[PDB]
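To start, the structure itself, in structure tokens.
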Amino acid sequence: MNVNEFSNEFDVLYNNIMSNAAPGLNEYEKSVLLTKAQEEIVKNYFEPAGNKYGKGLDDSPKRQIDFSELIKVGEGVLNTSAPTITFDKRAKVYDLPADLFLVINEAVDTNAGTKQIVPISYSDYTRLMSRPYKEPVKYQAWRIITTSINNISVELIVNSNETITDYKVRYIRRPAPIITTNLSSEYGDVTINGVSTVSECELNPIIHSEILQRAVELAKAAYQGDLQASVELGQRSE
Amino acid sequence: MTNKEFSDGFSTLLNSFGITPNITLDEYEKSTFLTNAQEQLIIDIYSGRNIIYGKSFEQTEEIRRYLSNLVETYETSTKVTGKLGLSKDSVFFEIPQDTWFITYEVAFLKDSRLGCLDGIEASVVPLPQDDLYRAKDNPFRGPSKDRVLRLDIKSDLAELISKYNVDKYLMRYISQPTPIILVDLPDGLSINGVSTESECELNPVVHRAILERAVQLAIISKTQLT
């Protein structure tokens, strides 16, 4: 469904049938609520505990097809542009793509073959570095986030006497906002995520109805406006 | 089997990264268990204390084929001068220092007293210290033209007690095997003083038994407190 259909069925589901009908929502408000509902839905469906099914990214066909249009593959750029201080002397710093929402798969291609990057926790890092070896298992590499400015910088730890040729990252692209109409105005240009032009929902049509329902629920919680509704509907932001 | 094949087979036998509960080891851990299994297995095989084989160092063709590649021969003529022995006619010879167990040991004698038998190869007999005093005078088990008594002493030495002058000392022993190192270990780490890759020098027949023993040792190491 295109943006006009988002807005028309938003109006239908919000106030065109309600008995003591409420004021219609302005297009900026509808775009804001739709973008919020989109992000909430993405976060709810990525995490199993966030939805009533207990199903995350790839726990069912529907969850695969939900994020299928939001998956992207890119590469981390070696961060030798400027000097820096790494926590580990034997780690190579890489910069992830700017439009990164969530990392789901990483791999590094070295001279000793491809290796799956395992994101190790800080307590896990301490445990592993208290051991005599201090290097990954055969077909794996280690990873920790380092000092990041304006984009995520990442330290890749591989086994000794190994060089990294490329660093691929299969991630979830940051969703683009849903903007119903050109938000340009003479009184001031308002933006949802830095863009005023019309922006279609760049995800699969399977969850457009879900985004619409969530947006309507958020609109009605805003209309109710007491602390109660804000608190319970803020639980699903996550 | 090569080092890559030790590692891949070791993972396959441990069911690493399979769906069921399992165990995953680093290449240093794999090397540790492979080398420990190697050394345990060959010591047990030499002494014949392995129940599965139940045979000693060269008691059958199987054990010969297993430990053939550790058998090293040594020859020396230099004698260590200043040392205190249990007889006037005692000479000390250094041991190669990579020796594990001495299996053949013989001594060539150069003396004018044994006329026309000069250069006689003489059997070096390891003698305990109980037996030494009553074996100095023994004409059937003591030192002679055809027999030399060897006693182990400090600093990797062999005290050879002989009636005649000892010229050369020949040995054939079991050597320190090269450790099984699957990866170039980082700085500081090493197995038996070796940091680089080290392949097993034994025959491929026993490599799979070494792999099985290493897997069992790994399961023991991870599951000795649970």
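Note that the protein sequences, when read in sequence, are chains W and B. As numbered in this note's numbering, residues 3 to 240 make up the first sequence, in order. As numbered in this note's numbering, residues 12 to 237 make up the second sequence, in order. Backbone N, C-alpha and C fix where the C-beta goes; we use that ideal spot for every residue, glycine too.
One finds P134, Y135 in chain W with Cβ atoms closer than 8 angstroms to the Cβ of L200/B, taken in chain order.
With a contact defined as Cβ atoms closer than 8 angstroms, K117/W and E38/B miss out at about 13 angstroms.
Among the CB atoms of chain W, none fall inside 8 angstroms of the CB of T89/B.
Annotated as proximal: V160/W and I166/W, with beta-carbon spacing under 8 angstroms. A contact is defined here as three or more CB-CB pairs under 8 angstroms, and the segment 99-109 of chain B meets this definition with respect to the segment 167-182 of chain B.
Between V136/B and the set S173/B, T23/B, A229/B, the nearest pair of CA atoms involves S173/B. In the same chain as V218/W, and ignoring 5 residues on each side of it, the C-beta atoms closer than 6 angstroms to its own belong to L15, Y16, in chain order. Using a Cβ-Cβ distance cut-off of 8 angstroms, the segment 203-210 of chain W and the segment 60-74 of chain W are in contact, since at least three pairs of beta carbons, one from each stretch, lie closer than that value.
Judged by DSSP in its simplified three-state form, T183/W adopts coil rather than helix or strand.
Where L158/W is concerned, there is no enclosing alpha helix (DSSP H), although the beta strand (DSSP E) around it starts and stops at 155-159. Where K179/B is concerned, the enclosing beta strand (DSSP E) starts and stops at 177-186. Under the Cβ distance rule, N163/W counts among the residues neighbouring chain B, one pair being separated by less than 8 angstroms. Residue-level contact check: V139/W touches chain B, since one or more beta carbons of chain B fall below 8 angstroms from its beta carbon. In this structure, DSSP gives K74/W an extended state, which the three-state scheme calls strand.
Taken in chain order, the complete alpha helix (DSSP H) segments of 4 residues or longer contained in the segment 56-113 of chain W are 63-69.
Using a C-beta cut-off of 8 angstroms, the segment 93-109 of chain W makes contact with the segment 73-83 of chain W, since at least three inter-stretch Cβ pairs fall below that distance.
Looking at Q230/W, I213/W, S232/W, the one whose alpha-carbon comes closest to that of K45/W is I213/W. For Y115/B, the secondary structure class from DSSP, reduced to helix, strand or coil, is strand. The shortest CA-to-CA distance from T234/B to any of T23/B, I34/B, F21/B is the one to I34/B. Nearest to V5/W by C-alpha distance, out of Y169/W, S211/W, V105/W, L220/W, is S211/W. Taking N214/B as the centre and dropping the five residues before and after it, the same chain places the C-beta of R76, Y77, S79, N80 closer than 8 angstroms to its C-beta, in chain order. Counting C-beta pairs closer than 8 angstroms gives three or more between the segment 170-183 of chain W and the segment 103-110 of chain W, which meets the contact rule. Proximity to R183/B across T84/B, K121/B, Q140/B peaks at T84/B, based on C-alpha coordinates.
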